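Neighbour counts run over all protein chains shown; Cβ positions are idealised from the backbone, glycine included. We did not get these values from a lab; they are worked out from the coordinates using the rules stated.
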Amino acid sequence: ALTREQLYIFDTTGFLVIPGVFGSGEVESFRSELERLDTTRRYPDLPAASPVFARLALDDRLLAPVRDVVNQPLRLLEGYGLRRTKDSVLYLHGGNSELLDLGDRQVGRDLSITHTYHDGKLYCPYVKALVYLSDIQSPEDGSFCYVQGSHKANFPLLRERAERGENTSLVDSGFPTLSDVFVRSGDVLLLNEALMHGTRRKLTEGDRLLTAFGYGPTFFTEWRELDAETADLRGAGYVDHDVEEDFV
Amino acid sequence: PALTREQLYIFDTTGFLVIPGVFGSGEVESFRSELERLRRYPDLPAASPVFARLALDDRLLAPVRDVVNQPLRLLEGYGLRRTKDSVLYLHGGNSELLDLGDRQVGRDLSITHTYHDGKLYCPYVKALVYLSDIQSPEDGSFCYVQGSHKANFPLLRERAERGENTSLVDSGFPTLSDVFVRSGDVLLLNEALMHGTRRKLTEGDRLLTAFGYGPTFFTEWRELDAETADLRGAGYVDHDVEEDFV
Amino acid sequence: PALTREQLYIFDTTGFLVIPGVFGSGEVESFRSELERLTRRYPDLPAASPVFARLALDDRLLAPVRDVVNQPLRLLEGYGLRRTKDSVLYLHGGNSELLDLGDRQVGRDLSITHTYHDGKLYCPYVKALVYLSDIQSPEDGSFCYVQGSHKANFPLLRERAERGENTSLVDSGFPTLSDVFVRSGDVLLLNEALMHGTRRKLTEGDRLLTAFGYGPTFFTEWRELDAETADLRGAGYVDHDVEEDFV
Amino acid sequence: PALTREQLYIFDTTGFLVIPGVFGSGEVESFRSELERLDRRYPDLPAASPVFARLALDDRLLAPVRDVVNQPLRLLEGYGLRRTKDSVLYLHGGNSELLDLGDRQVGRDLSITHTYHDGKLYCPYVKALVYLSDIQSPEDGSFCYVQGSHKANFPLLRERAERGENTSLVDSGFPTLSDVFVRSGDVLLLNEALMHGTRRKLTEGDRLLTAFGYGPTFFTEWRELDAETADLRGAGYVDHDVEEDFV
């Protein structure tokens, strides 16, 4: 379903913007399920709290590109909505080689995002399809931003900034290889979660709505943050590596 | 209890590592006794606080940590009795194929391991605690295809399509090798390895316990036939195994 | 003059690194002047002048080069470049571009196949471009590159050839094709795995630069080769799909 | 003589491949005869003999070599070998062995650093060993190697040297050191990234073989180099830790 050129772009940049996937007849229907669920927040577990979103998660407009970059037996790992309002922000997280202190060691791989390629197919264990439900067209409007090539980085970036005592986020201060991505309502942004990315500080009025769905292999557990391994090793979850929220 | 440099070299290069004399005679007999109190024995730590302790013993955890290097989760833990004429055909292999029903894939992300800055990173490893000696092929020895854990080419798909009826475990292969162990030994295994067991011909019974470990985001081990209609089905879809055509 | 953590991170992630103001304008003019002793390409500079022979070994070039090759070093080429109005350099390089070896197609060029191991980059072929004049807009013929093409797993150019395209992306534009602006006396350290080229220079004037390629000691000095010789004795570099093949 | 699927699997997984019965016993006899006319190592056999020059280009060597290099090909090496009683070759090679460059330590040797891509192996330096006599026991001076050492991520030999070891693994043994047994007329196809050597020959009577080394057209012909030279002009191969450094 993805062209050769699309695949080349997702592989080299770590994400792909697919224009105009949903006509604003469906977009409105999606926002209405979001207004309706209000009875600057995050709308958790959408597929369980709405039949309209349970259907979206399984939509071939989402599954088809996802299969093309995961190429494993698939499992829906998460689905949530987002309302980004004025002054909201999201610092950088992700990145292929960020460090994590375990008890005895430091590790530089996060296998939940560690991706490869073999015989014409990408194999990314964790990707996210962001369905945009309103336009985002400048940095100050709170645009998706990313560190170029960070999904294939061999070096850690953030640990050094922490021991230097840096206290500002790169999405504020800027970085030579930090880049923004502008989208339209109804666009899909297919994302390799190994990419180090975040969101500019929204300075403009008027809310910003998006839904996101996370897919991975059938042997991955549904997304749940975990702070460390459990005392008896029975517990499931995702332990993150160095993120800017740790020190900014 | 932590692996030496030479031990790590051997695990990386061959896909496994036999660790001698981990558990004493008394401990083995304790494990034997407990196993008898309860042919596969699924979910050991559940039904035996003796085996629950075993699963978290540092003599297993410290070497496992050195080849996984992630926050750990216990994925499976089972006991095993092998009788005469029992055989496990070949399964695993880094590049075996799998048809997804609209494409053909050559990686299994549940065993796809890597290496980075001085540390191995294997997402699925298994610790075999042997409770009896296995010292010859006819004893039903552990066997494996050399370097099969970092193979780039599939091996079994072609043999299915060429119509082979028999297992390499029986017929042999130029790189098929056996492993011999004593009671008390641990066999630390990368599940990317293509392995199985020799058909046991001798009498008596072989006993062992096995503990599978992976990162905390791996689901506990269970067979899945395929991905499900609602993308909610969880578990492990295997790739081409000899059971599929032998 | 080794590379910071950050510079290493940028080179590895983008396939190149601009190192601002390495040589003062006194040294630039001395480089400028020497090149006028002779559009145009001026090959084997280290031979033709003691100034460039000295530049090829300047620790300000060798120190960053060593950090990205991390092998016993050999100087493989050194050349000058005078770029005039309407000169253009179509895209070449790229990690997974195809090559017909006759009986088969191959997708790795082992002369630019790079890796990473225990905290070090191992890039077998890197260039250091020393700029002798400003390039601050695309119309001035700026260096341009396809983002992340130094680690691409698919070919970009073969499908474009087979589909009939007759235009360079350098002129066409392409979504992930971007420009690099430099200042006189800046160095651009380049992983030759990057698919790169230059914008067509539309402005009057001459931009001058010199370029030095480095690799391991078992690499032969750069020399173009069309194919393997019949007696397997011919040495040199066979390229894969480049845009000059069909534009 | 195209390598089958299983042969490629075996070569990829073990770093070598024995191809049985490539040359007839008369061809073998011709080669043996040609080696004694040239009367230990026999350097540059192709320059010495149009018989070995033709062997080097023989398709029964080039076809399997192309299947594991998959680059524009160059003949880098061609020598004869006379193995006598008490001769031994200590371990050399290995994918991750250390080398000290003078201001740093490195763990990749790009001359043997191999990869795989879209159904093809890409080994930059492979050897085809043509045996002119049977070697059927370790005491006969058999080829031996460390298992999976062509894809090793850790160094083996540094720790051994630093710990003050005196003996080579080809003598003392090692848990994963294995032997290869061959018939005259067999070819051994070898990824030079494999850590290998030969057992100490205890049996009587010379054994003979010829070896040809192949790599891409930009590799320089084989020659040892002790280090990178001050003027960056030195060409050849600097080895990493080998057992003859401390044994």
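Listed values, structure above:
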{"read-out": "Residues located in the stretch B:194-222, provided they are within 11 Å of chain A (Cβ to nearest Cβ) and either touching a helix residue (DSSP H, G or I) at 6+ places or on another chain (Cβ under 6 Å) or surrounded by fewer than 18 Cβ atoms within 10 Å (Cβ to Cβ) (or both)", "value": "B:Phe211, B:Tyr213, B:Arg222"}
{"read-out": "Among the candidates B:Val18, B:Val67, B:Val87, B:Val28, residue that is touching a strand residue (DSSP E or B) at 6+ places or on another chain (Cβ under 9 Å), closer than 25 Å to B:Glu203 by Cβ and within 14 Å of chain D (Cβ to nearest Cβ)", "value": "B:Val18"}
{"read-out": "All positions within the stretch D:148-162 that are buried (at least 24 other Cβ atoms within 10 Å of the Cβ) and in contact with a strand residue (DSSP E or B) (Cβ under 6 Å, 6 or more places away or on another chain)", "value": "D:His150"}
{"read-out": "Selection count, the stretch C:27-57, where residues are among the basic types (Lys, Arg) and part of a helix (DSSP H, G or I)", "value": "2"}
{"read-out": "Condition check for C:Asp109: assigned to a strand (DSSP E or B) and among the acidic types (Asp, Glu)", "value": "no"}
{"read-out": "Members of the stretch A:8-26 found to be out of contact with any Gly (no Cβ under 7 Å at 6 or more places or on another chain) and either in a strand (DSSP E or B) or more than 22 Å from A:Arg75 (Cβ to Cβ) (or both), listed by number", "value": "A:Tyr8, A:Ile9, A:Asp11, A:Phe15, A:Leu16, A:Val17, A:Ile18, A:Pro19, A:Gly25, A:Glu26"}
{"read-out": "Lone qualifier among B:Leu75, B:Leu60 - being more than 8 Å from chain A (Cβ to nearest Cβ), over 29 Å from A:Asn71 (Cα atoms) and either not in a helix (DSSP H, G or I) or not basic (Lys, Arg) (or both)", "value": "B:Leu60"}
{"read-out": "Residues that are basic (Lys, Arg) and in a loop (DSSP other than H, G, I, E, B), drawn from the stretch A:78-106", "value": "A:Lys86, A:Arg105"}
{"read-out": "Enumeration of residues in the stretch C:130-149 that are among the hydroxyl-bearing types (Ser, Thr, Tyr) and in a loop (DSSP other than H, G, I, E, B)", "value": "C:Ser133, C:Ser137, C:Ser142"}
{"read-out": "Of residues in the stretch D:33-54 being surrounded by 17 or more Cβ atoms within 10 Å (Cβ to Cβ) and under 17 Å from the mean Cα position of the chain (by Cα), the one nearest to C:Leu101 (Cα to Cα)", "value": "D:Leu45"}
{"read-out": "Candidate set from the stretch A:92-119 (those that are away from chain B (no Cβ under 14 Å) and surrounded by 20 or more Cβ atoms within 10 Å (Cβ to Cβ)); member that is farthest from the chain's Cα centre (by Cα)", "value": "A:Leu92"}
{"read-out": "Those residues of the stretch B:201-221 which are within 28 Å of B:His113 (Cβ to Cβ) and either of a type in the set (A, V, I, L, M, F, W, C) or over 12 Å from the mean Cα position of the chain (by Cα) (or both), in sequence order", "value": "B:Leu208, B:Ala210, B:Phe211, B:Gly214, B:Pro215, B:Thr216, B:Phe217, B:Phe218, B:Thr219, B:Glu220, B:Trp221"}
{"read-out": "Residues that are within 14 Å of chain B (Cβ to nearest Cβ) and either on the phi > 0 side of the Ramachandran plot or in contact with a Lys or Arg (Cβ under 6 Å, 6 or more places away or on another chain) (or both), drawn from the stretch D:120-153", "value": "D:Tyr122, D:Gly148, D:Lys151"}
{"read-out": "Boolean, D:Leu35 is in contact with a helix residue (DSSP H, G or I) (Cβ under 9 Å, 6 or more places away or on another chain) and closer than 23 Å to D:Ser87 by Cα", "value": "yes"}
{"read-out": "Filtered residues of the stretch A:10-40 (kept if within 30 Å of A:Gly149 (Cα to Cα) and of a type outside the set (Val, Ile, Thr))", "value": "A:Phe10, A:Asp11, A:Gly14, A:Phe15, A:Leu16, A:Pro19, A:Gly20, A:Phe22"}
{"read-out": "Unique match (being out of contact with any helix residue (DSSP H, G or I) (no Cβ under 6 Å at 6 or more places or on another chain), polar (S, T, N, Q) and more than 20 Å from A:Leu190 (Cβ to Cβ)) among A:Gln72, A:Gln106", "value": "A:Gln106"}
